Amino acid sequence: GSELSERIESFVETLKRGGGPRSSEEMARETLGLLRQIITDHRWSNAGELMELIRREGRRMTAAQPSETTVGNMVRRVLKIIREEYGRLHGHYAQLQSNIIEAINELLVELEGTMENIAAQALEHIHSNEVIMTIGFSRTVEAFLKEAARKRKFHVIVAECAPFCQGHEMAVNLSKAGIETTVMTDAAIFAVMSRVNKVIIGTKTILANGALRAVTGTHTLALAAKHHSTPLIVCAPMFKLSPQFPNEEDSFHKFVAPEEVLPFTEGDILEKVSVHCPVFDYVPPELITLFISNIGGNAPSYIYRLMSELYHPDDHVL
Amino acid sequence: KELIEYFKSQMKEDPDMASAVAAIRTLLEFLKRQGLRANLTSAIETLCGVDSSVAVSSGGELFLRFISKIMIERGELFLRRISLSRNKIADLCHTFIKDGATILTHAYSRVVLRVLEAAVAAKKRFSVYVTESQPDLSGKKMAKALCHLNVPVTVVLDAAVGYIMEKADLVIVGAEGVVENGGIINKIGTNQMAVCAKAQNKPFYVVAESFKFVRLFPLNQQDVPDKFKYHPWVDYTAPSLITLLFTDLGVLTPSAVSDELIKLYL
Amino acid sequence: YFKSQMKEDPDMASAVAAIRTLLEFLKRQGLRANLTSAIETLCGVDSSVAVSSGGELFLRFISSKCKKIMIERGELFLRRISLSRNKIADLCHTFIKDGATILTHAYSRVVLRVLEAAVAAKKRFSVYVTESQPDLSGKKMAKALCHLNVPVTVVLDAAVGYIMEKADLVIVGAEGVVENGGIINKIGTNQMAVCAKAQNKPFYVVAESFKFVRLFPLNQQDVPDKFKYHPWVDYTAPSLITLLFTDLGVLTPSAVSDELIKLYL
């Protein structure tokens, strides 16, 4: 299947060059579709060959971009599906393909439904005349906020990100719905984190110990929340949950060109000054209050069980 | 009793064999020699009397639970599986040590020694600080065994754990027994080190095997049974001061041990 | 100068002995140089914060044909320093309860005087003492306290956190009080203060006025290395101290800085 190899190479290049789709849901859906296509257009007799081929492909896709913790999750999910199916049929080498495809489709439809599954739980935690603040821009949190703005009324404060000011789009989108949102810088968090009653944010990846690898600036927000004793909620689907711990990992953050921090038109001082631009950061589990998932809320202390349920322990290394 | 004879035999023949492993080995060896359940409970009390440690009691409880033709098979398999718990814990914990980090270790323990021996084998460099453990000078033995591996060890004073806490990147200590709530029963000088580590946001890691899970829930230093303390020898550390746990079952959080115990039902 | 025997009689602290030696050597401007010479020599024998504190206090007090006023002031200051301990004990013995449990780290004449003044008031209490592994002074303190008809108990240095819940208050002596309010005491003081802070246990400190040293340690390394020398002293932040019982009265950790500023040391 040379066309399959071409699609795989294009995906790897767009992921390593400038990333795939802009939102994480589309990224996960495209990864799962590519995995389904690989499973369909390929020859194999035993499940071991298929699973090791998928392992190699996922290893390649992860080496293309290690900071994109959305494709490895789909690869591990497909591997777990294959293993569960093989154990159910053997606990087999002629009709294992169609059932894998059916399972993958079942996973796809719920992948799409995750957004509504999350947004439906907005009225359980938001009350009238509440003061909530957020940082960055996330579709999940945007829906979670604008879904309860029809019957409930509250105040929203959006803190922009210094390297890439992405909170402006979120503030504009929330103001278009009439939620009385306010815009501020990421340097006035602690200054205003005294009249706030709750915090809701979105993350990029959930580690195994209940930690978050979100955009740079959320660790300080969590520290200020824990100092002021304000519940900090994280709304993230299950595909943003990886079986890896904070340490035991190099290249945790993503370092981009210093152009966003210090422009190229400064002068000669750029030869002496050393500039670093981290995109993500690490947030320990002790500063998290609740996890709003597709299966309802959950405390940070109950993430290991979801890990054991979703992924296989032998597939953590991949 | 010949039970104590066999226990001392297993303890002296193998110097690095843990106490609970030797107790389980003696129990399985005597099993070859209903009515059986009381016979075993009796063996476990004499053994427990000779060595007053939580590990032996936990191992005996786990063995009896395993006892409730097939038992010899399951027991041999269990012994062989628990034999490699040290390597299983090392291969998972030695990766949490990064270059340039300072280690703060408590009194001698074979598991942390194995973890460090595996870490240094991976072309790594770090510094260690061992506490003297005044009750019995075993920390000096740990420092000796570490310097024997070409690592810059440094023996510190039992009352200086707070003075060098700022010069430590992480803390890795052993455990005599993991209580149901995630706490740990360790040397008497362990509860004071964890408090300082928490006061300075220092990662407090704990290394323990799976046979050290015990169905105990002490609310303070008094709820600990006196048969384990006897100048007490051990103390209880709350789970709020522990960051993570490295066991043969995998890296666990302070709360996963309660789930495991509930799954096992004592 | 002469040998370390002005301390032939034991009671007397090292700082008071150094002050007496300095005052007597003054009876032998250009004084300053000679005196600095003297304080420095004196300090070779004793790497202690109290000696340096007393020396700096005497140097500030010195601040030369009018030597009558200086000698009279030195005599009065020495008498006041001698009466220091009775005042400290009489003012601190009121914070001890009948049946309460007390926790002490190492041997100190001030805490011993406080305990004896409290037991002289028909009070009954139990005291826990740390063995002081560096030098076995906790056993000496327990022996000197068992004679006063007090149920003393000796615990290991590593078991300070095991008996912290049983103790009701913590009282210890300080070799030197830093400007911010902290104290420079035995190596096993910071960990005890930290363990007490985690359980809302009061942490009281007793010290004289000649131990107010004008330092500002930021951490365990900012302290001078000459005082530490297996270190023999550590620093304790003022956030872990409840009150300070000195000859000037009962003050808070944020009051010694006011005294040092008024002194312009």
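Header annotation of the entry names cryo-EM as the structure determination method and lists the resolution as 2.8 Å.

(A) Structural detail: the overall build of chain A. Each helix and strand in chain A was counted, giving 10 helices and 7 strands. By the compact-globule yardstick of 20 Å for 318 residues, chain A fits well, its C-alpha radius of gyration being 21 Å. Projecting the C-alpha coordinates of chain A onto the three principal axes gives extents of approximately 65 × 55 × 35 Å.

(B) Here's a closer look at the overall build of chain C. Within chain C, the regular secondary structure consists of 9 helices and 10 strands. For chain C, the spread of C-alpha atoms along the principal axes amounts to about 60 × 40 × 35 Å.

(C) Spotlight on the sheet that holds strand β5 (residues 232–235) of chain A. Residue and element names in this part refer to chain A. The 7 strands lie next to each other as β3-β2-β1-β4-β5-β6-β7, forming an open sheet whose pairing is mixed. Lying at the two open borders of the sheet, with one neighbouring strand each, are β3 (181–184) and β7 (296–298). If you compare each strand with its neighbour and ignore which way they point, the axes differ by 25° on average.

(D) Representation of the arrangement of the chains within the structure. Contact analysis covers 2 pairs of chains in contact, and the most contacts occur between chains B and C. Regarding chain A and chain C, which are not in contact, the minimum distance between any of their C-alpha atoms is 17 Å.

(E) Summary view of the interface of chain B and chain A. Taken together, the contact pairs 8 residues of chain B with 6 residues of chain A. Residue composition of the side of chain B that touches chain A, grouped by class: 4 nonpolar, 3 polar and 1 charged.

(F) The arrangement of the pattern of salt bridges in detail. Residues and elements named next belong to chain B. The tally for this structure, following the rule as stated, stands at 24 salt bridges over all chains. Taking the shortest distance from any N to any O, the salt bridge between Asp16 and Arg114 comes out at 3.8 Å. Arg114 sits in the partly exposed class, given a relative accessible area of 24%. Several salt bridges share partner residues, and in doing so they unite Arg86, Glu209 and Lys212 into one network.

(G) Representation of the sheet that holds strand β3 (residues 155–156) of chain B. All names here are of chain B. Here 7 strands make up an open sheet; going across it, the order is β3-β2-β1-β4-β7-β9-β10 and the pairing mixed. The sheet terminates laterally at β3 and β10 (250–252), the two strands that pair on one side only. When strand β4 (residues 170–173) meets strand β7 (residues 204–207), the two strands line up parallel, connected through 3 bridges. Of the residues in β7, the one forming a bridge with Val171 is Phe204. The strands touched by helix α6 (residues 85–93) within the sheet are β7, β9 (244–247) and β10, with β9 carrying the most contacts at an inclination of about 135°.

(H) Structural context of the packing of aromatic side chains. Applying the stated criterion across every chain, the model contains 14 aromatic pairs over all chains. Seen from their ring centres, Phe96 of chain B and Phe246 of chain B are 5.0 Å apart, and the 80° between their planes marks the pair as edge-to-face. Comparing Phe96 of chain B with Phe246 of chain B shows no difference in burial state: the two are buried. A network of ring pairs unites the aromatic residues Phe245 of chain A together with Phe96, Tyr205 and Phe246 of chain B as a single cluster. Against the face of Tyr107 of chain C rests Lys140 of chain C, its NZ or CZ located 4.8 Å from the ring centre. Between the NZ or CZ atom of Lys226 of chain C and the centre of the ring of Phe227 of chain C, over which it lies, the distance is 4.6 Å.

(I) Structural view of unusual backbone geometry. All names here are of chain B. The backbone of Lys123 shows a phi angle near 60°, a positive value even though the residue is not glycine. Structurally, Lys123 is set in the loop between α7 (110–120) and β2 (127–131). Notably, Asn150 is not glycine yet its phi reads approximately 65°, a positive angle.

(J) Main features of the packing of helix α6 (residues 139–146) of chain A against helix α7 (residues 167–175) of chain A. Residue and element names in this part refer to chain A. Contact pair α6 / α7: the axes reach a minimum separation of 11 Å and the direction vectors enclose 20°. Regarding the angle of α6 to α7, the classification is roughly parallel. When the axes of α6 and α7 are compared, the crossing they make is right-handed. Touching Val141, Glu142 and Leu145 of α6 are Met170, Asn173 and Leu174, all from α7.

(K) Fine view of empty space enclosed by the protein. Taken as a whole, the largest cavity holds about 50 Å³ of empty space. In this structure, the largest cavity is lined by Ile206, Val234, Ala236, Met238, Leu241, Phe291, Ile292, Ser293, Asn298, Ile303 and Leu306 of chain A. The set of elements that each furnish at least two residues to the lining of the largest cavity consists of β6 (290–293) and α10 (303–310) of chain A. Element by element, the count of residues in the lining of the largest cavity is highest for β6 of chain A, at 3 residues. Here the second largest cavity is characterised by a volume of approximately 40 Å³. Forming the boundary of the second largest cavity are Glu61, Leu62, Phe213, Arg215, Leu261, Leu264 and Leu266 of chain B. Looking at the lining of the second largest cavity residue by residue, the class counts come to 5 nonpolar, no polar and 2 charged.

(L) Up close: the pairing of strand β7 (residues 203–206) of chain C. All names here are of chain C. Covered by surrounding structure in β7 are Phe203 and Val205 together with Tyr204 and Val206, the residues of both alternating faces. Here 3 bridges tie β7 to strand β9 (residues 243–246), and the two strands are oriented parallel to one another. Note on β9: the bridge partner recorded for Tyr204 is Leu243.

(M) Just the side chain of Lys80 of chain A, in detail. All names here are of chain A. Along the polypeptide, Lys80 turns up in helix α4 (residues 71–90). Of the side chains with opposite charge, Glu84 comes closest to the buried, unpaired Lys80, at an N-O distance of 4.4 Å. Ignoring any residue separated from it by four or fewer positions in sequence, one finds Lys80 in contact with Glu309, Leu310, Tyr311, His312 and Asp315.

(N) Region of interest: the nonpolar core. With 63 residues, the main nonpolar core has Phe204 of chain B together with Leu103 and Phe203 of chain C as its most contacted residues. Look past the residues within four positions of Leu103 of chain C in its chain and what remains in contact with it is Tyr128, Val160, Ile163, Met164, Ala167, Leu169, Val170, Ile171 and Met192 of chain C. Residues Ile201 of chain A together with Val112, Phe126 and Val207 of chain B belong to the second largest nonpolar core, which totals 59 residues.

(O) Structural context of the interface of chain B and chain C. Each side of the interface is counted separately: chain B has 27 residues, and chain C has 29 residues. Here chain B and chain C share an interface that buries about 2400 Å² over both sides, 63% of which is from carbon and sulfur atoms. Interface area lost by chain B to chain C is led by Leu157, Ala159 and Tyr163 of chain B, which between them contribute 27%. In this assembly, chain B and chain C are joined by 0 salt bridges. The element contributing the most residues to the side of chain B that touches chain C is helix α9 (residues 191–199) of chain B, with 5 residues. Across the side of chain B that touches chain C, the residue classes tally to 13 nonpolar, 9 polar and 5 charged.

(P) Summary view of the side chain of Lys229 of chain B. Checked against the element boundaries, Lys229 of chain B lands in helix α10 (residues 226–229). In this structure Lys229 of chain B is buried but unpaired, with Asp226 of chain B as the nearest side chain of opposite charge at 4.4 Å. Within the structure, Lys229 of chain B has its side chain in polar contact with the side chain of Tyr162 of chain C (distance 2.6 Å). Residues within four places of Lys229 of chain B in sequence aside, it is in contact with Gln221, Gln222, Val224 and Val234 of chain B together with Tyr162 of chain C.

(Q) Representation of the pairing of strand β3 (residues 152–155) of chain C. Residue and element names in this part refer to chain C. Alignment of strand β2 (residues 126–130) against β3, held across 4 bridges, turns out to be parallel. Each residue of the ladder has a partner; that of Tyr128, found in β3, is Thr153. Taken together, β2, helix α6 (residues 138–146) and β3 constitute a β-α-β crossover, and its handedness is right-handed.

(R) Up close: the environment of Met170 of chain A. Residue and element names in this part refer to chain A. You can see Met170 is positioned in helix α7. Sequence separation of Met170 and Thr181 is 11 residues, and the distance between their C-alpha atoms is 9.6 Å. In this structure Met170 touches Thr134, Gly136, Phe137, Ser138, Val141, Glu142, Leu145 and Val158, once residues within four positions along its chain are discounted.

(S) Representation of the environment of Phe96 of chain B. Mapped onto the fold, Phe96 of chain B is located in the loop between α6 and β1 (102–105). Residues within four places of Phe96 of chain B in sequence aside, it is in contact with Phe245, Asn247 and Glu248 of chain A together with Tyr205, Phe246 and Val251 of chain B.

The rules behind these values
Residues numbered from 1 in each chain as written, not as in the entry; some residues may be left out. Chains lettered and ligands numbered in written order. Part of a larger assembly, values for the part shown. Heavy atoms only, no water. Residues with missing side-chain atoms left out of burial classes, pairs and counts. Helix = DSSP H or I, 4+ residues; strand = E, 2+ residues; numbered from the N terminus. Rg over C-alpha atoms; globule rule 2.2 N^0.38 Å. Pairing = 2+ DSSP bridges. Axes fitted to C-alpha atoms, helices over the stretch in contact; angles between N-to-C directions. Contact = heavy atoms within 4.5 Å. Nonpolar A, V, L, I, M, F, W, Y, C, P; charged D, E, K, R; others polar. Salt bridge = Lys/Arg side-chain N within 4 Å of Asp/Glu carboxyl O. Buried < 20%, exposed > 50% of the residue type's maximum accessible area, 1.4 Å probe, protein only. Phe/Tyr/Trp six-rings, centres within 6.5 Å; stacked < 30°, edge-to-face > 60°. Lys NZ or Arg CZ within 6 Å of the ring centre and 35° of its normal. Parallel < 35°, antiparallel > 145°, perpendicular 65-115°, else oblique. Left-handed = near helix turned anticlockwise from the far one by under 90°. 1 Å grid on protein atoms, 1.4 Å probe; cavity = no way out; pocket = protein on both sides within 12 Å on 5 of 7 lines; lining within 4 Å. Points joined across faces, edges and corners; volume = space filled by probe spheres on them. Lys, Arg positive; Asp, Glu negative; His and termini not counted. Core = buried A, V, L, I, M, F, W, Y, C linked by side-chain atoms within 4.5 Å. Buried area = accessible area lost by both parts, 1.4 Å probe. Polar contact = N/O pair within 3.5 Å; in protein donor to acceptor, adjacent residues only side chain to side chain. Right-handed = clockwise from strand over helix to strand, strands pointing away.

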